[PDB]
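Q: My questions will all concern the structure given below.
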Amino acid sequence: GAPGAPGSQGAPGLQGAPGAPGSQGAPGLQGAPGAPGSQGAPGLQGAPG
Amino acid sequence: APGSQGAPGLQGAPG
C-alpha cells in the first residue's frame with residue numbers, strides 16, 4: 001500500500017505581499033518673489049525744464 | 001532689469 005509518499009510542499013511562498021516603493025515628484029521650492037520696489041530713475045519726477 | 005525705468009525723461013528734471 002502506497003503511504004502516499006508525501007513530498008508535498010505548499011506554494012504560498014509569495015513573499016512579496018505588496019510591491020515596492022515608487023518615486024514621486026519633489027515639490028516646488030518657490031523663489032519667494034515678494035519685492036516689487038523696482039527702479040524709477042530717481043531724477044525728480046518728470047519736470048519739463 | 002534692476003534700475004531700468006526712465007522711459008519718458010526720468011532723472012531729467014532740468015528746472
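By convention in this document, the chains of the C-alpha cells carry letters A, B, ... by their order, each chain's residues are numbered from 1, and ligands are numbered from 1 in the order they are shown.
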Find the residues of chain A in contact range of chain B, meaning any atom within 8 Å when counting only C-alpha atoms, and list them as a list in words.

A: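 Taken together, these residues fit the definition: residues 38, 39, 40, 41, 42, 43, 44, 45, 46, 47, 48 and 49 of chain A.
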
Q: Generate a file of the selected residues that holds C-alpha atoms, formatted as an mmCIF file, in the first residue's frame.

A:
data_model
loop_
_atom_site.group_PDB
_atom_site.id
_atom_site.type_symbol
_atom_site.label_atom_id
_atom_site.label_comp_id
_atom_site.auth_asym_id
_atom_site.auth_seq_id
_atom_site.Cartn_x
_atom_site.Cartn_y
_atom_site.Cartn_z
ATOM 1 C CA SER A 38 11.998 98.257 -8.788
ATOM 2 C CA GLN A 39 13.636 101.326 -10.307
ATOM 3 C CA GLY A 40 12.092 104.609 -11.346
ATOM 4 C CA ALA A 41 15.168 106.689 -12.142
ATOM 5 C CA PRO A 42 15.257 108.900 -9.030
ATOM 6 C CA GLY A 43 15.515 112.067 -11.083
ATOM 7 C CA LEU A 44 12.997 114.462 -9.558
ATOM 8 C CA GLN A 45 9.755 113.385 -11.243
ATOM 9 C CA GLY A 46 9.226 114.364 -14.889
ATOM 10 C CA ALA A 47 9.909 118.090 -14.899
ATOM 11 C CA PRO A 48 9.729 119.503 -18.455
ATOM 12 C CA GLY A 49 12.548 122.008 -17.954
#
